């Protein structure tokens, strides 16, 4: 239990000192808190936050007071009480599974993974959010990028052995022309939406592709038709009917990533947490699979010669090898096992008859109305999996985190692009404003924001992480545990964040597709990629 009024008066007692107005404010607030056993969890949290805020104002008011030590310990006590509130007051999690595939056609292996979730979760409603107006964004990005690569490679022309025409110069010029093409497109798009507001993204993109890159409108209509057909046959849920999202203050951010930057990952980041906040349930990336039944392989000890991750991949590859639920799944790891272990897998799996003996079911999940739960990998939290009751407190904190970081980004970015200038001068105005607005609390973050316009077209850019990805989740967690909003500099350690992990049993993250998805544009692959562009062009 949290300390009561008398107990804090004893902790925070200083002889011959009268009780100040602020102090009485703290003690009254604590007394009121212990009289809310019949209030909602959120209400109790808010009272704990009002308490913490009052305690801070007292500490700031009487800086060298003798009560500050006890009151600081009381702050710690408040954080612990919040953890107890989150842990001892659970609610049902709405039985929804949320996936996102936007900007193009969904491939067969994604639908195979989703189908696994469907098969062992018949009681859960499944949403695969898509954007029916924007099936061509990825196509636009691919063709603009390919055109930039050709322009740059021609730009090198004869001097290929000139050492100062290296991959760095290649990517700096390629970025320049990509930026020109991108702002050309954004201008045409805003012109069209002014001239004919009836038009949707794909009309504008299709006629743009026809005019500027000689693509065939008929082929693009076929591509749209087939993509729409495939996703609607697989639980498609159109984001253009997501009214709460369309009318909220994150929709313009979603469309910024979608149509201005062509970053389908950033847009999926924006959307998944709004979906979660409005509907509740569990969000998954399409390369995640259901958790394996815990006892399924209890009889097979993991050798010491293989890492934990190796063994996880092995389990899945065995299941797919002898049950064939997903065709063409890899066996790279399973095949490296000694013959005896291989047969242990084969026999355990021949023992089992129905997929429900291999994959577990989510069932009836419950969570705190304060929290959203996130997955973990060896590098920390990752939002490939999230669990939340509808309108949870943390889902609001995460939405606010993302909207505020975009506020900071766009406050400096929008003035620079408003002047029609090239990539380099635009970057200079933009970065100048960033550094002007930097301070100790947001320094690291701003250094990341600096690379915004290069996201997706340059090696070693980590802006999305800081803008819409895991950093905003960690920032929201800190907001909760600090009784504030707007954290920019994360000091929570892994033990703090573990208070929000999804049980390992609810997701299989070690899949073939996700190890594929784990590649980074690391500036060695940039070198290699340059080498197969000049090898593929000459």
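Positions refer to the first chain, counted from 1. Definition used throughout: the rigid core is the maximal C-alpha set that superposes within 1.5 Å between two forms.
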### Message
Core-aligned, RMS over all structures and residues: is 377 to 385 or 411 to 419 the stretch with the greater C-alpha displacement in 4 other deposited structures of this protein?
### Response
411 to 419
### Query
Which is farther from the shown form in 4 other deposited structures of this protein in C-alpha RMS with the core fitted, 147 to 155 or 273 to 281?
147 to 155
### Summary
Of 194 to 202 and 251 to 259, the stretch with the higher mean C-alpha B-factor in the deposited entry is 194 to 202
### Mean temperature factor over C-alpha atoms, higher-scoring stretch between 100 to 108 and 179 to 187
179 to 187
### Task
Going by the CA temperature factor in the entry, name the top one among 28, 512, 471, 501.
28
### Message
Can you tell me which of 403, 312, 119, 154 has the maximum CA B-factor listed in the PDB entry?
### Response
154
### residue 37 - which third its CA temperature factor falls in, relative to the rest of the chain
highest
### Query
Is the Cα B-factor recorded for residue 89 in the lowest, middle or highest third of its chain?
highest
### Message
Can you tell me whether residue 487 has a C-alpha B-factor in the lowest, middle or highest third compared with the other modelled residues of the same chain?
### Response
middle
### Query
Within this chain, which third does the Cα B-factor at residue 215 fall in: lowest, middle or highest?
highest
### Message
Which third, lowest, middle or highest, does the C-alpha temperature factor of residue 168 belong to within its own chain?
### Response
highest
